[PDB]
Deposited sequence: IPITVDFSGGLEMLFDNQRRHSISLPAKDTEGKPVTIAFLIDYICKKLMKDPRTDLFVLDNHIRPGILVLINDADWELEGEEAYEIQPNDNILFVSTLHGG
């Protein structure tokens, strides 16, 4: 499955000033069943990262800070970290801003 992944809200700083990310995924996960978004978090944080982990994912889960959107749709109703990724989906990782 080839998808486009985006960052914003002072997150992309982690990924070397890059917001737009296109990488094709394996259709099947490690245990042979279809890619979930538990996968994308693991793949991204381990390989796509360009910085020290604390700021994106901690204790085997995303930091409460960030929101995830699938085709600009709430991640929680559509699968909530166990979502069979689609062949051209868009996933957005935005760190909620609490300064002003």
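Unmodelled ranges, which are counted on the deposited sequence from position 1 and given in order = Sequence range with no C-alpha atoms is 53 alone.
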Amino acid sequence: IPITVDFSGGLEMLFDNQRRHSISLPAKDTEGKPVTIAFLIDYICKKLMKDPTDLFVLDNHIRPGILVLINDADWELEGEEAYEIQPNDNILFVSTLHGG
From here on, numbers count along this sequence of modelled residues.
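Out of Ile62, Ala27, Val68, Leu40, highest CA B-factor residue = In this record, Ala27 carries the highest C-alpha B-factor of the candidates.
For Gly79, the third of its chain into which the C-alpha B factor falls | Answer is lowest: the recorded C-alpha B-factor places it there.
Against its chain's modelled residues, does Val57's Cα B factor rank lowest, middle or highest third?
-> Within its chain, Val57 is a highest-third residue by C-alpha B-factor, going by the deposited values.
Among the modelled residues of its chain, does the C-alpha B-factor of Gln18 lie in the lowest, middle or highest third?
-> Top third by C-alpha B-factor.
Sorting the chain's CA B-factors, does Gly10 end up in the lowest, middle or highest third?
-> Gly10: CA B-factor falls in the middle third of its chain.
Taking the chain's C-alpha temperature factors as the reference, tell me which third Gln86 falls into: lowest, middle or highest.
-> Lowest third, going by the recorded CA B-factors of the chain.
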